[PDB]
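Residue numbers (PDB author numbering), protein chains in the order written: chain A, 1198 to 1221, 1229 to 1354, 1360 to 1496; chain B, 2021 to 2063, 2080 to 2095; chain C, 2247 to 2843.
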């Protein structure tokens, strides 16, 4: 009956398998499953229940147990209803403050990863500029603390990076990791207005099959999606105009969700893109 | 030879009895009274080879 | 077996006594080789072989005649265990009639049965008896005859031995043309250097034209025209033995994936009532009047096999800077793996001494590349594991573990027994089977992650194994054959490999450091001619020409070779030469040897 009341708790199934790997290939009988296997699960689960009812849990168990719930917040509210159906009392003031605490914690660590990738793109683009607000965040990133309480002084700092996403760090790391192409485009192409003749000059030296043709459109959509950043930046910008141009970058992102994979698949064709401009007469007539 | 499994009595009937070998897009071969054709066949077939004038050889 | 009874019943092996006398050509002495002369108490002298006591043929020699042979000082009754190399070489040149010898191969050892085989073959084409040798592929047939050719020529730069690799698609007209050109060059070599030419048909049992070879040597005729007796030309033919597979592998072969396209009783490729599908060597029946002329070599009795694999590994490690002692570790782990293949009622195709040099080639590929592979493995195991798999790895022992991972461990089905029987030879980091299994698991995970990312994929051990084996054997141009059920994730592996194994446009860094691959596919059918297969090989070789072959590999992918199995057009008969030198009816070259999946 207690397992029937607790099968829709993903945390319970996690606890089940991480304490039942703690027994090792054994043919075992049913009455000792209840004592040798069930009672430690129920005792650990009830101590965990009275912990979440009080709030004495540490952050280490918070990011060690709840790691598979990131940006999946309906199952955890439903899971806390199923979690409190075990001991039959009210559920009014317990769920919403800790779900809010877990949302601020998740956006905090998301903001930490965003800060690391934005300093990496700040280094690889060559723009020195000035941010000066993600220094205590990095001094916290190598810090380690053990408590379960709600961090206030960072909230206003996190108002600049509230709504970025769990994606778009992919876009920032595709900028920050493809450095040879962005150096080659600042060296060799240098402006937006030669693209319309460069596409036509590449469309001869490309093949006739469909991958070979669509490399050109992948390059075109990649540089049209990143032209707000790789060509219009001054070398010393502050944070406010940086997010102000990233705003119209998000408008540029809303028409095409596939732009960082287009950047990567264009970035692994740099040898062809170097062959485009210095191409001699490529003597293959066509099919 | 011994690795000529599945063609012997048709060929022997064409050349030795029907006296011909024919290519339908070309020439035709006629066995002639005036040449001797010895056909060395080792050893079903044992009864078909009996029809012909046979010189058997022994250890 | 009743269908193999004239062939498989070897009435004697080499290991039964060979008492030989010869009368020397230029010198005026005698050679008593292969037997000893002992005195009987009846006043007579008998012949007794070494290595045991057998008193065969009592009452042979009188003792006063034996005293006479003391007086005229014949080299009588000499065992060749305690002779040095120069003395055995001068006994060879006195016996073979060679004047002014050198030693052409110092690595090639001369034990007493190698003298008896050399002198036996030389007697057989000194008097006129045809030379047909029935031995396996592993035993030293081509090395012994090349030593005989290099000894009989002495020092002359001319061409004496010509080795014709007979395969299953070897037509009679090629063999006739090769015997005529060998006859022409035999006349030319006798005219210029007074020297005779050997024509060695290797594997002269796989073709239907074996009776044609019977025309060449049993009655000395080329397509109706006679061979000149005073030309100087000797034909040696070698044959593969006849044995049926043990029944458990025929069980695992009839059930491998979907079974055979034809059955075992309505198949057309037979020898007797046995299919050639169920034989170890695909041999046709020898014609009679060569059955009483064939005779057997040794079988490599597993004592000297360690010596041969040691010479092969020391000649292919290139140990100018590898190791002094780990070469012996390679040698005895390969001996242990070969003995594991022997300690079972079957092997795959009795691949001894050719799987070993291929596997040393794989080891050389890994050890040449064991600088970025270990950095990527360090990165992967740090980002995805604990510190247990984060130890420093030896760039020679890791490559040996992966060599036996892809040579032997991939094909076997009893893999855990192989791992626990091969872990008794490895040093400290690989004493357990679990360490070898973990290491091959992490590197298969490394190559699957080096591919572009896929979601909703059947990420299992079979896909990892197929991707890992296919990447390696496309890099090394080893052919690989893959049979599975029709959902085995064996064509998904083809897709993700062909998209990941791009040369410089690769996704990750490991595949960026490897070759570029363009593959030409050909889906086989029961109505498949061999001309399509030849055209596919010539097309991929046409892709491969003009390019840097260290950064470009073409690979044919044949998609339904199970459907081309016993098709009466026989398209796979041409496959065996096209995988060896890359082209039939042409001399080999670069840009012709291509990969095969």
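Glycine is no exception: its CB is placed at the ideal position from the N, C-alpha and C atoms.
Contact check, residue 1277 (chain A) vs residue 1316 (chain A), beta carbons under 9 Å | No. Outside cutoff.
Neighbour flag for residue 2815 (chain C) against chain B, beta carbons, 9 Å | So no, residue 2815 (chain C) is outside the interface.
With DSSP collapsed to three states, give me the class of residue 2049 (chain B).
-> Note: residue 2049 (chain B) maps to strand in three-state DSSP.
Determine the burial state of residue 2419 (chain C): buried for a count of at least 16 other Cβ atoms within 10 Å of its Cβ, exposed for fewer.
-> Exposed.
Chain C beta carbons: is any one of them nearer than 9 Å to that of residue 2021 (chain B)?
-> Yes, residue 2021 (chain B) counts as interfacial toward chain C.
Express the C-alpha separation of residue 1408 (chain A) and residue 2798 (chain C) in angstroms, rounding to a whole number.
-> Taking the straight line from one Cα to the other gives about 28 Å.
Are the stretch 1463-1476 of chain A and the stretch 2423-2433 of chain C touching by the rule of at least three beta carbon pairs closer than 8 Å?
-> With a cut-off of 8 Å on Cβ pairs, the stretch 1463-1476 of chain A is not in contact with the stretch 2423-2433 of chain C, counting fewer than three such pairs.
With a CB to CB cut of under 7 Å and the five nearest residues on each side skipped, what residues in its chain are close to residue 2739 (chain C)?
-> Close CB contacts of residue 2739 (chain C) within its chain, under the 7 Å cut and outside five residues either way in sequence, are with 2709, 2712, 2713 and 2716 (chain order).
Contact set between residue 1478 (chain A) and chain C, taken where Cβ atoms lie within less than 8 Å | Within chain C, the C-beta atoms nearer than 8 Å to that of residue 1478 (chain A) come from 2751, in chain order.
Are the C-beta of residue 1481 (chain A) and some C-beta of chain C separated by less than 9 Å?
-> At least one CB atom of chain C sits nearer than 9 Å to the CB of residue 1481 (chain A).
Identity of the residues DSSP links to residue 2762 (chain C) by a beta bridge = Paired residues: C:2798.
Would a C-beta distance cut-off of 9 Å place residue 2532 (chain C) and residue 2490 (chain C) closer than the cut-off?
-> Contact check for residue 2532 (chain C) against residue 2490 (chain C) fails: the beta carbons are separated by 9 Å or more.
Return no unless some Cβ of chain B is closer than 9 Å to the Cβ of residue 2456 (chain C).
-> Look at residue 2456 (chain C): its C-beta is under 9 Å from a C-beta on chain B.
Would residue 2541 (chain C) be called buried (16 or more neighbouring beta carbons within 10 Å of its own) or exposed?
-> That one is buried.
Per DSSP, what kind of secondary structure is residue 1367 (chain A) in: helix, strand or coil?
-> Helix.
Step through the CB atoms of chain C and report whether any lies within less than 9 Å of the CB of residue 2080 (chain B).
-> It does not; no Cβ of chain C falls within 9 Å.
Of all the CB atoms in chain C, is at least one closer than 9 Å to the CB of residue 1257 (chain A)?
-> Chain C contact via Cβ: absent.
Quickly, what does DSSP pair residue 2490 (chain C) with across the bridge? List them, please.
-> Looking at the DSSP assignment, residue 2490 (chain C) forms a beta bridge with C:2525.
Please classify residue 1395 (chain A): is it buried, with 16 or more other beta-carbons within 10 angstroms of its beta-carbon, or exposed?
-> Its Cβ having fewer than 16 others within 10 Å, residue 1395 (chain A) is exposed.
Given that a residue counts as buried once 16 or more other Cβ atoms are within 10 Å of its Cβ, and exposed if not, what is residue 2047 (chain B)?
-> With fewer than 16 Cβ atoms within 10 Å of its Cβ, residue 2047 (chain B) is classed as exposed.
Can a CB atom of chain C be found closer than 9 Å to the CB of residue 2062 (chain B)?
-> Contacts with chain C at 9 Å (Cβ-Cβ) include residue 2062 (chain B).
Can you name the residues that DSSP bridges to residue 2285 (chain C)?
-> Looking at the DSSP output, residue 2285 (chain C) bridges to C:2291.
Counting pairs of Cβ atoms below 8 Å between the stretch 2761-2773 of chain C and the stretch 2793-2808 of chain C, do you hit three or more?
-> Below 8 Å, enough C-beta pairs join the stretch 2761-2773 of chain C and the stretch 2793-2808 of chain C to call them touching: three or more.
Measure from the C-beta of residue 2533 (chain C) to each C-beta in chain B and report whether the shortest distance is under 9 Å.
-> At least one beta carbon of chain B lies nearer than 9 Å to the beta carbon of residue 2533 (chain C).
Please determine if the stretch 2666-2682 of chain C and the stretch 2593-2607 of chain C are in contact, where contact requires at least 3 C-beta pairs separated by less than 8 Å.
-> Taking a cut-off of 8 Å for Cβ pairs, the stretch 2666-2682 of chain C and the stretch 2593-2607 of chain C do not touch, as fewer than three such pairs fall below it.
Same chain, Cβ closer than 8 Å to residue 2844 (chain C), five either side skipped, listed in chain order = In the structure as shown, chain C starts at 2247 and stops at 2843, and residue 2844 (chain C) therefore has no counterpart that could be examined.
Min CB distance residue 2460 (chain C) to chain B below 9 Å = Chain B, which has a Cβ nearer than 9 Å to the Cβ of residue 2460 (chain C), makes this yes.
Under 8 Å from any heavy atom of the ligand MN, does the C-beta of residue 2615 (chain C) make it?
-> The ligand content of the structure shown is nil, which means the ligand MN is not present either.
Assigned secondary structure, residue 2844 (chain C) (DSSP; H/G/I helix, E/B strand, else coil) = Past the edges of chain C, shown from 2247 to 2843, lies residue 2844 (chain C), and the structure says nothing about it.
Which runs of the beta strand (DSSP E) fall wholly inside the stretch 2382-2417 of chain C and span at least 3 residues, in chain order?
-> The beta strand (DSSP E) runs lying completely inside the stretch 2382-2417 of chain C and spanning 3 residues or more are 2407-2411, given in chain order.
From residue 2042 (chain B) to residue 2813 (chain C), what distance separates their C-alpha atoms?
-> Roughly 28 Å between the two C-alpha positions.
Residue 1473 (chain A) CB to nearest chain C CB: under 9 Å?
-> Taking 9 Å as the CB threshold, residue 1473 (chain A) lines the interface with chain C.
Between the C-alpha atoms of residue 2590 (chain C) and residue 2360 (chain C), what's the straight-line distance to the nearest angstrom?
-> Here the alpha carbons of residue 2360 (chain C) and residue 2590 (chain C) stand approximately 29 Å from one another.
Around the C-beta of residue 2368 (chain C), are 16 or more other C-beta atoms found within 10 angstroms, so that it is buried, or is it exposed?
-> Looking at its Cβ environment, which holds 16 or more other Cβ atoms inside 10 Å, residue 2368 (chain C) is buried.
Continuous alpha helix (DSSP H) stretch holding residue 2620 (chain C): start and end | For residue 2620 (chain C), the enclosing alpha helix (DSSP H) covers residues 2618-2630.
By the criterion of Cβ-Cβ separation under 8 Å, what are the contact partners of residue 2635 (chain C) in chain B?
-> Those do not exist, as residue 2635 (chain C) stays about 59 Å from chain B at its closest Cβ, beyond 8 Å.
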